[PDB]
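> no sequence on this one, just coordinates:
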């Protein structure tokens, strides 16, 4: 463990004393034994002395074994035996509780480690090996705390508390309990519901979930001192443990008998508080089958206020309790439960910081902690508000410890050397090559010790790293699943969205800033952190931006939903379909849209082409744009809170598409920019509603296939070519000159970014592949796509 | 076998020594026995010396049996008795461990082989048979290699580490464990989670289905060399396996008890790591029923980081564990896992080459590994990227070893000869035929030995064949199952695609090259290896190519899906074919398209008539064409990555029936052709979106055909005709003259190579059948359909 108590460590160290004092150059097990008895009256020492083995008998034997007197010690270390006695005692102290290790455990461990020299010393001195282990054991000394033993007696208190179960108050009066951080404000509202007896019973309804039980520990504590009513005179709080009841009975009838028995002993009534966890399950109300029907005893118990109790139920479970009534409802009574808010989250993190010292990789920083919470809270969100957080802390709370030993100065090389030695050595001893092996051992064990020395020279790499969890550290980890490298994502959002997305710098910056505005909590984020209309012809920058947003906001690109509203049809297909039209919009509301965004809570919902794609859909989406929610799928609420709603359009497209390229225009270009930033968003308005648009964060125009925007679409598609072939092993690069020649062919006033795929396909994919067919390039060489003089040329550079 | 130790073999060989030295024509068991005791102090020998059976006692009995004087010792081999002892001992040493037979096993085996000459020698010399077999056994301490035995240590470690389990770490120190190749990049992020305390649990989410258990070996190894974190410098890695828990238990209550005890023993805390496969199952993993509700113990165990544990969870199941919280979600952490890419595949294969040395058509070649891998990985594809591969390697890695012994010069005939002998002899001995039986044995056993001598002369046919597993070998086998004779299929694709699309050489060569382009790693395999539209009139080469491509790429024609998009038009066939097919394109997405192509992954998706199929179809096809995926059927991903999208269409019909016809002019023909490969592809654009067409890899017109090309379509139809009649034994052949007469019909602007089917039907099946009925020809005659003076005449050539 490396955390041992003195008594152990001292008897062990006393061995080393005998090592040199007798010369035994490896500190033997005989010396560990001497160690016990020469340490006088530790439990080990004492023990041996009980059986009659004083220091006198032991050293007399010991000196007659290895004895004299080469006072040094060889690398002053132990015998392997003696090292075993230390390992053993540690476990012999685990067994006997003891987190650390005490004297006894060393003698106990000696007996255990019985081929050791000590063992034989004692078996020579007339005392059986087991007589020695006996003595130590029966003087059971180990680490202690959590005292609650001093003798106790009562009469009637016996029947209740036996069964079933732990007493929450008890564990909080010896404080082996911890607060734990709630869910504090809930507790006051419970004591209102509890210092009752006309409806005696609190019943907590809500998500369970971070630990319902935190509220419960609340009650215990407040019921003792002193804000507790005299309504609640001389109360005791006792907790239900379902697990003990079911265990050892293995039948429902027996289980019922035990619960019945408990209800009877509750006859101490009007002075008792019962905590019933999962209170509905016992009542057994509703469903196809019940849920366990303890209810026969439990229901009248609840009514009487003898089982004046606190019920911990769940969202559906309360329904299934008032469903019985009026004693499972005229006793029962629901209460609004807390699950920790964002600020509470931060506090929890820190609260368990100090136990992360056990792994030594966080404690600190606060700033990082905040990140854990906040960045996660707003951007995915795949856990609850504090759970998300803590996971990030620890995630980063290891991350740097990995970079520690991946790169110290890399005495990883040291170990690498030591390897080569052993081999040489080994095989040399085997080859003979004998004295040529000699030196090979010596070089080996030299190395071994050096190796071990420089890996604990990276205890300096520990005192450097072994507890922080920094801003960036947490933030990067927050990006890995999902302040610094999530808020650097936020601050540098424009930069990040541009680096994947096209020459529609107008569009990128508008979206970037609009999301970054909301996502930093200064603009309405109850509804998407950006609602948008993305105008432009398809493949221009629109989709690409949806992707880049996912990437920047959440730290992963693949948190992007994508629904085509135009695909929902049969919405006027009365008898036209056949005789009924069962489906598509019904599928979208009733299942698809609501389930999907509920699945990935935050995610770029990319709602394709809603230019005329069921005018009802725009209203449905409007509720998302306003509230951040839709209610469909028979009562599910889908949170589009920090989704990025991107509603696409290609009705403005025509003007967005327009040129800026030379070779054919020099004045239409400087009339295409200015034209697109006004005209596009107005072909939009006719294709939507202003009511829709009013709940949108910003209306984005993707000035496209410019001069400029083209050679960036070409650089996305062509770069996807050069990358998709490397898995199958081909290295492609297009020079800027070759990406340019393709870009000329997607522009004018008319077309889209549609012909760009086809021409990239032709000039890169098809051409290179026809270039493997012509033998200039091959598979797995580097292919530079160049222009020779105005005629295309595929060059090779590998 | 051949897996024998010396001592065994030596006592046995000593038998042969006695064979001639005492003269035993076949050297009895008595000589093996003499062998044992004269080999002195091998365990058999040694044993006999205990029983009192020195060389003295044995040889006196032996010499009184035979003892003299067949000094030649007839073709010096053993007796069947003595041979039995050798066969027996090998296994009598397997039985007692040993894969290499020791002395003991031969004496043990003598007793076993107790009728034997040896056995009887000893039972004559006063030593009971079991007293002897005992003696060897009680002087055989048995093997202790591959293990470590010298004593034990430790106390508390006992209950935990016992249970439960194998311990990969043990086999990874004292090697017996595989590397494995991995799934290496997963391990850093995993070790990150064991360098933590709020997070504690790495939890691997992905297909299980990657050989997840390989990753598990990862930790052990990596915690050793060379990244060593602070708590993972005192961590131990312990494996928990479900299989031992279920066995001998057979009760859920008992199962819970066993787990509770284990979890309790984890009190060695802050020093232990638990590997839990199927971590979700224990938690409850949502659902309509629990998956096991170990969760009660498991959750606090997860939270403290006492049981920092490693979760192997499934796609839905993980969701249903992080939902439980905040200990099955606090500890939890998702991680990105690997299922091998093509390069990784290759490396695994090679690593395990050396053990199908044993399969003697393997180990080697590298190039063969590559063939296996690359061809399966990219082309159908029925497992994971390395599993597919090795089956092909190994297929071939035996295949030629089969050709070894089914084609040497085929000394199988020898055995055939030997048959006639034995019989003749046998029956001759029974009839008598005294000397007529005599000579028959002599011919029999002479022959027999010659056979066997030359069957192991094809150990030269082994020394010839027994490694190598080449490219081509693999490739042919990959075609057998489903990188030379699959990449020769690619390079020579034009020949292969033409041999069924005999006609439209223009079209064929474009497609051939387009797939061959992609499959050689330089085109687009993200998109289908070739997406195409094959334009043409039906029954011209279009469909026929879809098949021929399947054949060439996958080695099988029938890996071809086939969807009519005009049926999934939701307005062409929703109300004149079917009732309510959830609004027909909804049927296609929601079920049909996605299920079909997902079943055979890289199937030729053959999309009929995309002229009109509703504009909704074209978006879906565009996505198939672009991404190489479609996502439908409530979250299924259907892989169109290296599918062959082949879309047929009569879209530009007029040109797709303006053949190559002599009718208008003979200067019209290569002007119907060249014209058709341009004019069609613009009616294509008019009938369906250009955006769709731009992600198509190449737009093929599979021309409408006029002789030249007709008489080659006629020759496909006629060859399909004549061949389906061979199964029921009716042989037809058409002369080239007759294939010409049918082609005149397929001429003109007015039709393609369409009318040809009816006219092959009429002129081959129907005409030959009306001639088979007229007695001009008969069944199973080779039936020549010939032209006389310009009209058919059926000739016979049988």
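Happy to help now that I have it. Residues are numbered from 1 along each chain as shown, chains lettered A, B, ... in the order given.
> what's near enough to touch the closest residue to chain B within the stretch 501-650 of chain A?
Distances between the stretch 501-650 of chain A and chain B by Cβ to the nearest Cβ are smallest at residue A:570, namely 3.6 Å. Placement of C-beta: from N, CA and C, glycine included. By Cβ atoms under 8 Å, 6 or more residues apart in numbering or on different chains, the contact list for residue A:570 reads A:577, A:581-585, B:570, B:583, B:586.
> also residue A:324?
Contacts of residue A:324 (Cβ under 8 Å, 6+ apart): A:283, A:285, A:295, A:299.
> recalculate using a threshold of 10 Å.
By Cβ atoms under 10 Å, 6 or more residues apart in numbering or on different chains, residue A:324 lies in contact with A:280, A:283-286, A:295, A:299, A:302, A:330, A:332.
> which of these fall in helices?
A:280, A:283, A:295, A:299, A:302 (DSSP state H).
> buried ones among those residues?
With burial judged by 16 or more other Cβ atoms under 10 Å in any protein chain shown, the buried subset of the ones in helices among the contacts of residue A:324 is A:280, A:283, A:295, A:299, A:302.
> list the buried ones in stretch A:454-474?
Applying a neighbour-count criterion of 16+ other Cβ under 10 Å, one finds A:454-455, A:458, A:461-462, A:465-474 buried in stretch A:454-474.
> please name the nearest non-neighbouring residue to the residue of the stretch 51-200 of chain A found nearest chain B.
Per Cβ to the nearest Cβ, residue A:94 is where the stretch 51-200 of chain A lies closest to chain B, at 3.5 Å. Excluding the flanking residues, the one nearest residue A:94 by Cβ to Cβ, 6 or more residues apart in numbering or on different chains is residue B:156, at 3.5 Å.
> again, but for residue A:592
Setting aside the residues directly before and after it, residue A:592 is nearest to residue A:563 in space (Cβ to Cβ, 6+ apart), at 7.0 Å.
> and stretch A:464-483, does that touch chain B?
Yes. With Cβ under 10 Å from any Cβ of the partner chain as the criterion, chain B is reached by stretch A:464-483 at A:465-467, A:477, A:480-481.
> among these, which two are most distant?
Greatest spacing in these, by Cβ to Cβ: A:466 and A:481 (23.8 Å).
> residue A:684 is in contact with residue A:618, correct?
No. Residue A:618 is beyond contact range of residue A:684, at 11.8 Å (criterion: Cβ atoms under 10 Å).
> residue A:129: neighbour count?
Residues near residue A:129, counting by other Cβ atoms under 10 Å in any protein chain shown, number 16.
> in three-state terms, label residue A:44 for me.
Secondary structure for residue A:44, judged by DSSP: H, G, I helix; E, B strand; the rest coil, is helix.
> what separation do you get for it and residue B:307?
32 Å (Cβ to Cβ, to the nearest Å).
> and these two? Which one has more around it.
With neighbours defined as other Cβ under 10 Å, residue A:44 and residue B:307 compare such that residue A:44 has more, 32 against 26.
> list the contacts for that one?
Going by Cβ under 10 Å, 6+ apart, the list of residues near residue A:44 reads A:7-8, A:11, A:32-33, A:35-37, A:89, A:102-110, A:132, A:135-136, A:139, A:141.
> around chain B, pick out the residues from the stretch 501-650 of chain A.
The stretch 501-650 of chain A comes close to chain B at residues A:537-539, A:556, A:562, A:564, A:566-571, A:573, A:575-587, A:591-592, A:595-596, A:599, A:608-609, as judged by Cβ under 10 Å from any Cβ.
> no, scratch that, I was asking about the stretch 151-300 of chain A
Counting by Cβ under 10 Å from any Cβ, the stretch 151-300 of chain A sits next to chain B at A:207-211, A:242-243, A:246-250.
> could you dump those residues into a markdown table with neighbour count, distance to residue B:172 and secondary structure added?
Conversion of these to a markdown table gives the following (neighbours: other Cβ atoms under 10 Å in any protein chain shown; distance: Cβ to Cβ, whole Å; DSSP: H, G, I helix; E, B strand; the rest coil):
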| residue | neighbour count | distance to residue B:172 | secondary structure |
| --- | --- | --- | --- |
| A:207 | 13 | 43 | coil |
| A:208 | 19 | 41 | coil |
| A:209 | 18 | 40 | coil |
| A:210 | 27 | 39 | coil |
| A:211 | 19 | 38 | coil |
| A:242 | 18 | 42 | helix |
| A:243 | 13 | 37 | helix |
| A:246 | 17 | 40 | helix |
| A:247 | 14 | 38 | coil |
| A:248 | 9 | 41 | coil |
| A:249 | 15 | 44 | coil |
| A:250 | 11 | 41 | coil |
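> between the residues you listed, which is nearest chain B?
When these are ranked by distance to chain B (Cβ to the nearest Cβ), residue A:210 comes first, at 4.9 Å.
> quick check: the residue nearest to residue A:94 touching residue A:99?
No. Applying Cβ under 10 Å, one finds residue B:156 not in contact with residue A:99, separated by 11.4 Å.
> need the residues touching each of the two.
A:93, B:267-268.
> buried ones among these?
Among these, the ones that count as buried by 16+ other Cβ under 10 Å are A:93, B:268.
> of the shared contacts of residue B:156 and residue A:99, which is the nearest to residue A:732?
residue B:268 (54.8 Å).
> phi, psi for the closest one please.
phi -70, psi 0 (degrees, to the nearest 10).
> show me the contacts for it.
A:1, A:90-91, A:94, A:99, B:156-157, B:160-161, B:236, B:238, B:306.
> and it, how far from residue B:528?
Using Cβ to Cβ, one gets 56 Å for the distance from residue B:268 to residue B:528.
> and what of residue A:720?
15 Å.
> any chance of a ChimeraX selection covering the buried ones in the contacts of residue B:268?
Per 16+ other Cβ under 10 Å, the buried members of the contacts of residue B:268 correspond to this ChimeraX selection:
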select /A:90,91,94,99 /B:156,157,160,161,236,238,306
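> one step back: and which of the buried ones among the ones in helices among the contacts of residue A:324 is nearest chain B?
Nearest to chain B among those, with distances taken as Cβ to the nearest Cβ, is residue A:280, at 17.1 Å.
> excluding chain neighbours, what is closest to the closest one?
Nearest to residue A:280 is residue A:317, by Cβ to Cβ, 6+ apart, at 3.6 Å.
> can you confirm the one you found is in a helix?
No. Applying three-state DSSP, one finds residue A:317 to be coil, outside a helix.
> neighbours around it, how many?
Using other Cβ under 10 Å, residue A:317 is surrounded by 20 other residues.
> shouldn't it be in contact with residue A:284?
No. Under the criterion of Cβ under 10 Å, residue A:317 lies out of contact with residue A:284, with a separation of 11.1 Å.
> which residues are in contact with both of these two?
Shared contacts of residue A:317 and residue A:284, defined by Cβ under 10 Å, 6+ apart, comprise residue A:291.
> tell me where the stretch 101-250 of chain A has strands.
A:203-205, A:237-239 (DSSP state E, counting those that start in this stretch).
> good, we can wrap up now.
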